[PDB]
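Visitor: How does the following fold in three dimensions:
(6 chains)
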Amino acid sequence: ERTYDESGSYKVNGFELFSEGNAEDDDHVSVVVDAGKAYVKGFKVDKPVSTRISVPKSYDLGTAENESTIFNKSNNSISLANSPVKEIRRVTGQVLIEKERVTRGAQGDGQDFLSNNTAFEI
Amino acid sequence: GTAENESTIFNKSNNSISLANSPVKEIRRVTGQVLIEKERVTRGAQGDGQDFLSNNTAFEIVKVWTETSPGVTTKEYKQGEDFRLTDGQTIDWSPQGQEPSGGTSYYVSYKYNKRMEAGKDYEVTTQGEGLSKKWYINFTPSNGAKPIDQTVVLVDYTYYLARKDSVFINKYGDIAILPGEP
Amino acid sequence: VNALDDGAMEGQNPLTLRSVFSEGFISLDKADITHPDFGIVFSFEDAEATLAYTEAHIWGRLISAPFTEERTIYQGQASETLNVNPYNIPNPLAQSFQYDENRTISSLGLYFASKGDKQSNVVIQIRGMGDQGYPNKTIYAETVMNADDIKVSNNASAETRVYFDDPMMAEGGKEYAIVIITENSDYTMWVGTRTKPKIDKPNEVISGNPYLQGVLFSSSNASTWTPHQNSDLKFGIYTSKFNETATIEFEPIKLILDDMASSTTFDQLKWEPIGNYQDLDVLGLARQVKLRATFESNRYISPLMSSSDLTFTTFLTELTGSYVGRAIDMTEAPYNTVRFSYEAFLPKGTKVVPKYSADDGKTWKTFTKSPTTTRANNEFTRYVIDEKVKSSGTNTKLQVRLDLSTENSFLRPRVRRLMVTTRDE
Amino acid sequence: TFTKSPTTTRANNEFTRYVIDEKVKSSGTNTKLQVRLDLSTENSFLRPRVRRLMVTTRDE
Amino acid sequence: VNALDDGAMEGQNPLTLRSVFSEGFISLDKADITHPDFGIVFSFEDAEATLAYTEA
Amino acid sequence: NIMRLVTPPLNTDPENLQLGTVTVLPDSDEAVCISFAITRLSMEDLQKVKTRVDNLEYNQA
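Guide: Numbers count the residues shown, from 1 in each chain, chains lettered A, B, ... in the order given. Take a look:
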């Protein structure tokens, strides 16, 4: 009580963090905490030897949608903003069809279906 | 059934646009090209650095300029030597040309694809009844962001599917039904 | 306090003091003048900042004036005419002066021999005088004078009067130069030169120097000045002494019984019609109410508002404007406490709301604490706020703002010696 | 010569900020300081540049 | 940082900031020009120092 | 969160003493480890701070 009320919690020495990457599990990264001494809540905490701990790997995904880029005929490559890409959900882009053969329906003044249902200009 | 990328040219004369499939359940997404005018941007401390736009889907920069009073252009920066668009997110000042001082605010105008919000950017209505019933995207609200004129508007939405079944009777007198493909 | 006096900042990647920001109001380097809300004007002679008049019906006569002028300096001898722009006529000028005491300059007197067309105008400026006795690039006052305002005469009799929106506070023992600039090559001014005959009295000649403590200057770019020792302009400087109160009266005046009750509900000491409003009126449902307004005067009343003919809308304009300082990058020095100190002169009907942002002016916060007050001088008062802005965590960005607003045109606030310091506690 | 590698922070397109923080003396204290930079090239066109040199010392 | 902008130093027994040295590359007072290895040149407009061309 | 915007968790429990933080890169074995442990200041260290304050004051004069 006296210690906490005077100085609170504090470290004396040690407790350095080091990354080792030991393959104990592919879904974890090993971390070493060096030996060291501290006073927590006024109680001494003396550790003679380092302690090993493991953190789980980060696999949570962020979604990028409608990432726009003007296509240029001169340069076909277009870059993606976010670096660690996992998969591309969809790529869409205006395309021109030339000389598509269509059969006139039997009904007069009717409707003939196009091969693609996303058309917008004839 | 899922209808995706259903495309229709937006006209400034006629805001309504129709959906092809009649029994619409829910509109997943409405997207259209929108022009922001006079967006305030703060210059970042790093010289020749990057300043992030409010919207991360931008694809074209119209005008970058500063003003000390309304309507008076102190300077207009030239694109391709003073700044460029990078990743459709940032105004990159890595080009050799001039740039605002660090900490100063400037204006930006740019085009981006906005995901329209129901009951804010557009309202959904209907005219007919039964099989002839239709669904329309009106873009009625005044403050709502409207698509640029003569640009494509893409609508994703789902709709119900009909089913046709066959009735049978066996030698035991048991009437039964086989469900057909929706 | 030391940083307050620096007044310099680099454009590209400036080295900034960590957890310190101060504004001496002596240079534009520390200010984000391009900000949309920036509408403050500096006064470098006083190291102060205030609001300039902006226009955005009946007439009104300023009866009791808010100050009385007196002509302290006057060089009346004239002999010749000098083109304002001698070195560019096909096929600027300045005149130095000084005072032995602290005087409040209110207006200037000049004499023009000829002027340009209707559309032409002349820019009048007061600039400071550098240690080597030459004009410097600092400008303390500026105004634009149209052709119609410039009176002219063939005997140096017409005196055009120049008024500035803010008064020029001339410090005792310091030199100051009047500067006259115009792009038009058809402007001339009377000048007095030693040993030359007087215009109106050719029998007499100018024996001694016209004005001994001043020199006439000329330049082809308003930067390199050629002195004329033997010559001085014919000019006159007026100084002012403010009085206790000032009164305005408006010409006599939606149905009068509703109207007078409706009007006198709004015309009161605390709404934007500030000051002791009065009226007298006439009976029999007569339409002619006559309004009066009285208010406390001070040394910072605008001469240009006093001289100009008022209206009920030019008067009772509520002026607004804000100071915005450049964003400070406190990455390397995170903070969670802010001490905000500033001196502010607040006439009746004015406000100075401090504000800060920790996100490059996306959002502006306000302090919850009330400032502790310490009186600086008769006008100004020191306001200090010390508040833990963040309860947990630490910010990494700082941007200082001050919001100024007025109820009427004549009474405006003034700020100086802005100092902001952050801590991590 | 300092044994630690400098931590780097970019300043602009050209310049980069180099900072070293090292306990030069393990025991005792120095009482004299003189600061130096050695500059070098290996052809006549491409040359280094330096600016905003700041050195400070502490007793820890 | 403040000392970086001073760029003045007295010749005989100067008063110097304790535990601070900073060069703004704006004045030759801080520099030891007479040292044998001194070989840089100043660009006062940019506050920068660099190497000038020399033969052999 | 993305590497530009990731931050460590915010905690105010008195019962725990923070030793540092471990950042993991997105889908990688690599990890960055930094120690931010609060450490004591002996009387010699506080006297050195007092001396540094005196030097700061002297430089200010």
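Visitor: Look up how far residue A:1 lies from whichever residue of chain A sits closest to chain C.
Guide: As assessed by Cβ to the nearest Cβ, chain C sits closest to residue A:8 within chain A, at 14.4 Å. All C-beta atoms are positioned from the backbone trio N, CA, C, and that covers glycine. For residue A:8, the distance to residue A:1 (Cβ to Cβ, to the nearest Å) stands at 12 Å.
Visitor: between those two, which one's more packed in?
Guide: Set side by side, residue A:8 and residue A:1 show more neighbours around residue A:8, with 14 against 7, by other Cβ atoms under 10 Å in any protein chain shown.
Visitor: Which of the helices or strands spans whichever residue of the stretch 101-250 of chain C sits closest to chain E?
Guide: The minimum distance from the stretch 101-250 of chain C to chain E, using Cβ to the nearest Cβ, falls at residue C:131 (17.3 Å). Residue C:131 belongs to no helix or strand when elements are defined using DSSP states H and E.
Visitor: To what extent is it buried, counted in neighbours?
Guide: 7.
Visitor: gap between it and residue C:213?
Guide: Counting by Cβ to Cβ - residue C:131 and residue C:213 are separated by 17 Å.
Visitor: Need the three-state assignment for the closest residue to residue C:248 other than its chain neighbours.
Guide: Computed as Cβ to Cβ, 6 or more residues apart in numbering or on different chains, the closest residue to residue C:248 that is not its neighbour in sequence is residue C:293, at 4.7 Å. What DSSP: H, G, I helix; E, B strand; the rest coil gives for residue C:293 is strand.
Visitor: Would you confirm that residue B:63 belongs to a strand?
Guide: Yes: counting by three-state DSSP, residue B:63 is part of a strand.
Visitor: Could you check which residue of chain A lies nearest chain D?
Guide: For chain A, Cβ to the nearest Cβ, closest residue to chain D: residue A:13, 15.1 Å.
Visitor: Spatially nearest residue to the residue nearest in space to the middle of chain F (excluding sequence neighbours)?
Guide: Centrality entry for chain F: nearest residue to the mean C-alpha point is residue F:36, 3.6 Å, by Cα atoms, centre = their mean. Once flanking residues are discounted, residue F:36 sits nearest to residue F:20: 5.1 Å by Cβ to Cβ, 6+ apart.
Visitor: Phi and psi next, for the one you found.
Guide: phi 170, psi -160 (degrees, to the nearest 10).
Visitor: and stretch C:328-339, which residues are buried?
Guide: Neighbour counts using 16 or more other Cβ atoms under 10 Å in any protein chain shown place C:328-330, C:333-338 of stretch C:328-339 among the buried residues.
Visitor: I misspoke; the intended subject was stretch C:93-113.
Guide: Applying 16+ other Cβ under 10 Å to stretch C:93-113 flags C:93-99, C:103-113 as buried.
Visitor: Now the terminal residues of stretch C:363-376, how far apart.
Guide: Using Cα to Cα, to the nearest Å, the end-to-end distance of stretch C:363-376 comes to 32 Å.
Visitor: Likewise for stretch A:24-38?
Guide: So stretch A:24-38: terminal residues 29 Å apart, Cα to Cα.
Visitor: ditto for stretch B:175-182
Guide: Start-to-end, stretch B:175-182 (Cα to Cα) is 22 Å.
Visitor: Let me see the residues that make contact with that stretch.
Guide: Under the contact criterion Cβ atoms under 8 Å, 6 or more residues apart in numbering or on different chains, stretch B:175-182 has outside partners B:161-170.
Visitor: swap the cut-off to 7 Å and go again
Guide: Residues outside stretch B:175-182 that contact it (Cβ atoms under 7 Å, 6 or more residues apart in numbering or on different chains): B:161, B:163-169.
Visitor: Among the residues you listed, which one sits closest to residue C:32?
Guide: residue B:161 (59.4 Å; Cβ to Cβ).
Visitor: my guess is the closest one meets residue B:2, correct?
Guide: No: contact criterion Cβ atoms under 7 Å: residue B:161 and residue B:2 do not qualify, at 10.3 Å.
Visitor: how would you label residue F:57: helix, strand or coil?
Guide: Taking three-state DSSP, the label given to residue F:57 is helix.
Visitor: Report how many residues lie close to it.
Guide: Residue F:57, neighbours per other Cβ under 10 Å, totals 9.
Visitor: Likewise for residue C:179?
Guide: 22.
Visitor: For stretch B:29-44, buried residues please.
Guide: Quick answer for stretch B:29-44 (16+ other Cβ under 10 Å): B:30-36, B:40-44.
Visitor: cool, stretch C:42-58 as well?
Guide: Neighbour-count burial for stretch C:42-58 [16+ other Cβ under 10 Å]: C:42-51, C:53.
Visitor: So what pairs up with the residue nearest to residue F:36 in the strands?
Guide: residue F:35 (DSSP bridges).
Visitor: Compute the first-to-last residue distance for stretch C:324-337.
Guide: Rule used - Cα to Cα; the end-to-end distance of stretch C:324-337 is 20 Å.
Visitor: Show me the contact partners of that stretch.
Guide: B:42, B:45, B:103-104, C:16, C:18-19, C:21, C:23, C:30-32, C:35, C:37-38, C:360-361, C:388-390, C:393-401, C:422-425.
Visitor: which one among the buried residues of stretch C:328-339 gets closest to residue F:11?
Guide: Nearest member of the buried residues of stretch C:328-339 to residue F:11, counting by Cβ to Cβ, is residue C:336, at 15.7 Å.
Visitor: Tell me what the closest residue to residue C:352 other than its chain neighbours is bridged to.
Guide: Counting by Cβ to Cβ, 6+ apart, residue C:352 lies nearest to residue C:344, which is 4.5 Å off, once chain neighbours are set aside. Using DSSP bridges, the beta-bridge partners of residue C:344 come out as residue C:381, residue C:415.
Visitor: List the residues that contact residue C:344.
Guide: C:352, C:380-381, C:383, C:413, C:415.
Visitor: and residue A:118, how far is that from chain B?
Guide: 5 Å (Cβ to the nearest Cβ, to the nearest Å).
Visitor: Surely that residue touches residue B:7?
Guide: Yes: the criterion here is Cβ under 7 Å, and residue A:118 meets it with residue B:7 at 5.1 Å.
Visitor: Show me which of the contacts of stretch C:324-337 are buried.
Guide: Buried, going by 16+ other Cβ under 10 Å: B:42, B:45, B:103-104, C:16, C:19, C:21, C:23, C:30-32, C:35, C:37-38, C:360-361, C:389, C:395, C:397-401, C:422, out of these.
Visitor: hey, which strand is longest across chain B?
Guide: What stands out as the longest strand in chain B, according to DSSP state E, is strand B:24-42.
Visitor: Return the nearest residue of chain C with respect to chain D.
Guide: Taking Cβ to the nearest Cβ, chain C has residue C:13 as its residue nearest chain D, at 5.4 Å.
Visitor: isn't that residue right next to residue B:48, touching?
Guide: No: with contacts counted by Cβ under 7 Å, residue C:13 stays clear of residue B:48, the gap being 8.9 Å.
Visitor: Neighbour count for the two, which is higher?
Guide: residue C:13 (20 against 17).
Visitor: by contact count, what packs against the stretch of helix or strand residue C:96 belongs to?
Guide: Element membership for residue C:96, per DSSP H and E: strand C:93-98. Where contact means 3 or more Cβ pairs under 7 Å, 6 or more residues apart in numbering or on different chains; DSSP states H and E, strand C:93-98 is packed against strand C:175-181, strand C:216-218.
Visitor: Just send those back as a markdown table, with distance to residue B:110 too.
Guide: Listed next are the helices and strands packed on strand C:93-98 as a markdown table, based on distance: least, Cβ to Cβ, whole Å:
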| stretch | distance to residue B:110 |
| --- | --- |
| strand C:175-181 | 40 |
| strand C:216-218 | 50 |
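Visitor: Can you check which of those strands gets nearest to chain A?
Guide: strand C:175-181 (48.8 Å).
Visitor: Now do the helix or strand that comes right after that closest one: everything it contacts.
Guide: Using DSSP H and E, the next helix or strand after strand C:175-181 towards the C-terminus is strand C:188-193. Residues outside strand C:188-193 that contact it (Cβ under 7 Å, 6+ apart) are C:75, C:77-84, C:93, C:111-114, C:156, C:206, C:210, C:216, C:230-234.
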